[PDB]
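Enquirer: The deposited numbering puts the sequence shown at residues 51 to 157, 167 to 242, 261 to 343. C-beta atoms are modelled at their ideal positions from N, C-alpha and C, and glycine is treated no differently. After the structure tokens below, expect a handful of questions from me.
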Amino acid sequence: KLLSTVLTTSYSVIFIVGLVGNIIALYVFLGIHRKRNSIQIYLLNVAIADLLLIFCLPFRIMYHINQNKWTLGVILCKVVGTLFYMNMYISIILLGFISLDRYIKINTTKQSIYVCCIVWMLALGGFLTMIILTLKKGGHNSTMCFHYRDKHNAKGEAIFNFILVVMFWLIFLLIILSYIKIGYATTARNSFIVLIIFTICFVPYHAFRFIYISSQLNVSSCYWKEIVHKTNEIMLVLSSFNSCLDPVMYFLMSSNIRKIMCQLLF
Ligand SMILES: O=C(Cc1ccc(OCc2ccccc2)cc1)NC1(C(=O)O)CCN(C(=O)c2ccc(-c3cccc(Cl)c3)cc2)CC1
């Protein structure tokens, strides 16, 4: 109903804007650059991950068009879920490294390539392990995805959520202390953009997860879980907003983005 239609509109607009921005940014990064120290590599991989999320969005949009009905199987459903989170976590780790990298400057290249390549292999490995468990179980083909599921007998799965939510806080914690130390004019202003994106899109999402996981391992009334279900779907949209806050971040990290954007606007 109302929740479905607001999600449809928000997802449509976010997909369009993110697609345009990521396409332009990826074109500029791929077709102009010859020598890259570390920032170009980091921003290129961030652009690729954003492109992945943008290409994943239309399936969820179509799902919300059809009044919450799924008719394409289970494998596609789990592929969509896996890709969405996967991009969420890649974006949190590679945005961490840009700050850590952009602090030694104020206070070479082969090391940044090593870290950059490791992240993609572990994300790819985690993609495969979700497919294998889907085929093995091979359960009845239910028509209900993107919906609340209970984990009363699946406490191990709650541990997957439990590890991530706490681990995100250390990454958020270290970024704060890094800024405090730092807290040259251009460098200081730019690094403040990293904190803006990190605090708006991602910080709210993990905070409410404590209540969400708490209701999972507990008995809940009819009123309670409906409100929790209402909150999470809206709460995910805020996390998916990083696809459009990243393009403005490209603008302040390099002049090539600035020059092409200036050419297009002028
Ligand atoms: O960026 C990543 C990969 C990563 C790689 C290395 C890391 O440190 C090593 C390292 C760090 C810095 C430098 C050098 C080395 C840390 C993370 N992120 C993942 C993770 O390891 O934290 C998490 C998402 N991920 C899934 O496979 C995945 C999970 C959960 C779901 C899911 C959850 C709920 C519902 C549903 Cl349906 C699905 C889906 C997929 C990839 C690995």
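Does DSSP put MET203 in a helix, in a strand, or in coil?
Expert: Taking the sequence shown and counting its residues from 1, the one referred to as residue 203 is at position 144. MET203 falls in the coil class under three-state DSSP.
Enquirer: Using 8 Å as the threshold, is the C-beta distance between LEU76 and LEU57 below it?
Expert: Reading the sequence shown from its first residue, position 26 is the one you call residue 76. Reading the sequence shown from its first residue, position 7 is the one you call residue 57. Contact: no.
Enquirer: For the structure I just gave you, are there three or more beta carbon pairs, one from the stretch 328-343 and one from the stretch 78-91, closer than 8 Å?
Expert: In short, these stretches touch, since the Cβ pair count reaches three.
Enquirer: Tell me the rounded alpha-carbon separation between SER141 and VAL96.
Expert: One-based indexing of the sequence shown puts residue 141 at position 91. One-based indexing of the sequence shown puts residue 96 at position 46. Those two C-alpha atoms are separated by around 6 Å.
Enquirer: Do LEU315 and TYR282 have their C-beta atoms closer together than 8 Å?
Expert: Position 238 of the sequence shown, counting from 1, holds the residue named residue 315. Position 205 of the sequence shown, counting from 1, holds the residue named residue 282. Taking 8 Å as the Cβ cut-off, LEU315 and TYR282 qualify as a contacting pair.
Enquirer: List the whole-angstrom C-beta distance separating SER62 from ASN118, where the pair is believed to meet the contact cut-off of C-beta under 8 Å.
Expert: Within the sequence shown, numbered from 1, the residue matching residue 62 stands at position 12. Within the sequence shown, numbered from 1, the residue matching residue 118 stands at position 68. Incorrect: roughly 17 Å between the Cβ atoms, too far for contact.
Enquirer: Count the other CB atoms within 10 Å of the CB of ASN137; is the residue buried (16 or more) or exposed (fewer)?
Expert: One-based indexing of the sequence shown puts residue 137 at position 87. With 16 or more Cβ atoms within 10 Å of its Cβ, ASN137 is classed as buried.
Enquirer: Would you check whether ligand 1 has a heavy atom nearer than 7 Å to the C-beta of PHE186?
Expert: Position 127 of the sequence shown, counting from 1, holds the residue named residue 186. Yes; taking the cut-off as 7 Å, the Cβ of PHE186 has a heavy atom of ligand 1 nearer than that.
Enquirer: Give the C-beta separation of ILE148 and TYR92 to the nearest angstrom, bearing in mind that I take them to be a contact with Cβ-Cβ under 8 Å.
Expert: Residue numbering aside, residue 148 sits at position 98 when the sequence shown is read from its first letter. Residue numbering aside, residue 92 sits at position 42 when the sequence shown is read from its first letter. Right, the Cβ-Cβ distance comes to about 5 Å (below 8 Å), so this counts as a contact.
Enquirer: When DSSP labels each residue in this structure, what does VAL325 get in the three-state scheme?
Expert: On the sequence shown, position 248 is the one that residue 325 refers to. Looking at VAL325 - three-state DSSP - the assignment turns out to be helix.
Enquirer: What's the call for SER320, buried or exposed, on a 16-neighbour Cβ count within 10 Å?
Expert: Counting from 1 along the sequence shown, the entry for residue 320 is found at position 243. Answer is buried; the Cβ neighbour count reaches 16.
Enquirer: Examine the Cβ distances between the stretch 321-329 and the stretch 264-280 and report whether three or more of them are shorter than 8 Å.
Expert: Because the criterion of three Cβ pairs below 8 Å is met, the stretch 321-329 and the stretch 264-280 touch.
Enquirer: Determine the direct distance from the alpha carbon of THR202 to that of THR121, and round the result to whole angstroms.
Expert: Along the sequence shown, read from residue 1 onward, the residue named residue 121 stands at position 71. Along the sequence shown, read from residue 1 onward, the residue named residue 202 stands at position 143. Computed Cα separation, rounded: 6 Å.
Enquirer: Short check: CB of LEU103 to CB of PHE134, under 8 Å?
Expert: Translated into the one-based positions of the sequence shown, residue 103 becomes position 53. Translated into the one-based positions of the sequence shown, residue 134 becomes position 84. Yes, they are a contact pair.
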